[PDB]
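Q:
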Amino acid sequence: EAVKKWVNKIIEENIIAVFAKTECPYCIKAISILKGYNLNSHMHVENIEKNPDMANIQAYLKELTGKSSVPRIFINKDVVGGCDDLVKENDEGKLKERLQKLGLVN
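The sequence shown begins at 6 in the deposited numbering and counts up one residue at a time.
If you want it as structure tokens, here you go:
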């Protein structure tokens, strides 16, 4: 209960929600790509490794998204997925489209 509620609040309060771990190159890459769209003001990055309930958080992220790995990325509560999913969306125009619909990029 408590873990799910805590994860949900992060995804709800923040248009761009990224779950990450320490020293995680694909986390860093994904976050960098998102900040490249000037999304900082609407991003939250949570380091779930620095948390006593890492496994519970990962299990819930898998229930929500299909994978327990980080990074795990949500945009307005919709699942993007991991960094590779973000790269695909970015390269194919889908990321920009998501962001335009949210008023985050012109």
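Where a beta carbon is used, it is the ideal one built from N, C-alpha and C, also for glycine.
#1: Would you mind working out which of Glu68, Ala22, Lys34 sits nearest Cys88, comparing C-alpha positions?
#2: Would you mind reading off the limits of the beta strand (DSSP E) that contains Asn52?
#3: Can you tell me whether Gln63 is buried or exposed? The criterion is at least 16 other CB atoms within 10 Å of its CB, across all chains shown.
#4: Exposed or buried, what is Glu18 when buried is set at 16 or more other beta-carbons lying within 10 Å of its beta-carbon?
#5: For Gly41, which of helix, strand or coil comes out of DSSP?
#6: Consider the C-beta atom of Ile36 and the heavy atoms of the ligand PLP; say whether any pair is separated by less than 8 Å.
#7: Using 8 Å for Cβ pairs, my map puts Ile78 next to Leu44. What's the rounded Cβ distance?
#8: Can you name, in chain order, every residue of its own chain whose Cβ lies under 7 Å from the Cβ of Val84, other than the five neighbours on each side?
#9: With distance defined between alpha-carbon atoms, name the residue in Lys82, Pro76, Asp96 nearest to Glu28.
#10: Which of helix, strand or coil does DSSP assign to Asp96?
A: Concretely, from the data shown:
#1: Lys34
#2: 48-52
#3: buried
#4: exposed
#5: helix
#6: Among the components of this structure there are no ligands whatsoever, and the ligand PLP is therefore not found.
#7: No, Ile78 and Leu44 are not in contact; Cβ-Cβ is about 11 Å, not under 8 Å.
#8: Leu69, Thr70
#9: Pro76
#10: helix
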